[PDB]
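The chain that follows stands alone, in the form deposited in one PDB entry, written as C-alpha cells.
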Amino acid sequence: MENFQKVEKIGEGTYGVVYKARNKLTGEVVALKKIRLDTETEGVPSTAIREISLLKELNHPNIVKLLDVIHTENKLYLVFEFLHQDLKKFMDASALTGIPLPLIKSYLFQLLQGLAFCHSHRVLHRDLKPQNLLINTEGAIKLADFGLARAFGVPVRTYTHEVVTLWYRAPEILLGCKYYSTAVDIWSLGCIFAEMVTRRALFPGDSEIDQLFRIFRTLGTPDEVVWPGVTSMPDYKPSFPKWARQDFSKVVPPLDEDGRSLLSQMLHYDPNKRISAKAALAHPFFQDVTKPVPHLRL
C-alpha cells in the first residue's frame, strides 16, 4: 500500500471508510474502501465478503470495478475504480435547469444494462438509489456499493427483510412478502427514472406506512385484480384508504408517451408482472438508442 497516497476522505459506513487515492507512480486515481480488522469483532464483515466475492465475478462496463483486495497490517483495503460524481449530486446541480431528455435516456439505458447483467448473474443489488450511481467525465454511469447485494438461488428462499432505502423500496417489501428477487431493483430504478425527469423524489416517505400511502396515492390503492395476492400479505389491511391512480401526465409531465409506458411497467404493483431489466432495454423508449440483434429461433 506504499504506492497509493490518500488524497481525500469521500465516504464512511459501518464497515469502514472510503478514501480517494492517487498512485504516486502512474498518476492513477482510485477509491480505497478501508476496513480496520482490529476493530472488527467478527473478522471480515459479512458485507465485505459478499461484496468482494460478488464483484470478483461481476465485471461489466456499468458496474464500478473492484480492482484489488489488499491485506496489509490489521487492515483490509478494497481498491476500486474511481468516478468523480454521483447521480444525486448531478440531479441537485441540474435541479433548476433539468437534465436533458437524451442524457436521461442514455443514463437509464446504461443502468438497465448494468442491472440486466446483475440479474442474469443471479445478483440482487437491493440498494439502488441516486447516491449509489456514479458518473464519470465521459458520459458513463455505473452501479456501485454492493454491500447490500445478494446472490439469489433458483429458486430463491426467504432473504433479509426490510431491504432498500425507504424512498426507493418496493411495495411488496413494505407489505411484508416472504420471497423476492429481481423486481425490487426494477422498482428502485423506476423511482430514479421519475426522479431524473421531475427533479424531485417520487415517493419521499418518512415511515413505512407513509411510504406505502404515498405509493397508493400516486399509483392507486392496489387490489386483487391489479396485484393477485395483495390482500393476503402480512402487512395489508382492509382499512387502507382507496385512492385513485393518478394520470402520468400529472406525475411526469415532461415525459412523452414512450417514457410514460416504460415507467408504468417499471412501477407495476405485481412483482411477477413488473418489467424485467432485459425487457426494458427492448422498450420503444430506447428504439433510437439501440438496435436488436438477430435471434436464433432454434
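Residue indices: 1-based, along the sequence shown. The term rigid core refers to the maximal set of C-alpha atoms that superpose within 1.5 Å between the two forms.
- For residue 43, the record comparison shows coordinates absent in at least a third of the other entries of this protein that model its neighbours.
- Note on 30-38 vs 267-275: mean CA B-factor is higher in 30-38.
- Checked against the record, the higher mean CA B factor of 15-23 and 284-292 lies with 284-292.
- Highest CA B-factor among the listed residues (262, 63, 255, 52): 255.
- Highest C-alpha temperature factor among 119, 129, 214, 75, as the PDB entry reports it: 75.
- Split the chain's modelled residues into thirds by C-alpha temperature factor. Residue 219 is in the middle one.
- Split the chain's modelled residues into thirds by C-alpha temperature factor. Residue 154 is in the highest one.
- The deposited CA B-factor of residue 81 belongs to the lowest third of values across its chain.
- When the CA B factors of the chain's modelled residues are split into thirds, the value for residue 163 lands in the highest one.
- Per-chain ranking of the deposited C-alpha B factor places residue 171 in the lowest third.
Missing here is the form deposited in another entry; even so, the following discussion is about that form.
- Once both forms are overlaid on the rigid core, the distance between the two CA positions of residue 15 between the shown form and the other one is 2 angstroms or more.
- Residue 282 shows a C-alpha shift below 2 Å between the shown form and the other one [criterion: core-superposed Cα displacement of 2 Å].
- Relative to this form, residue 276 and residue 291 separate from one another in the other entry, with their C-alpha atoms ending up at least 3 Å farther apart.
- The pair residue 104 and residue 293 approaches in the other entry: their C-alpha atoms are at least 3 Å nearer to each other than in the form depicted.
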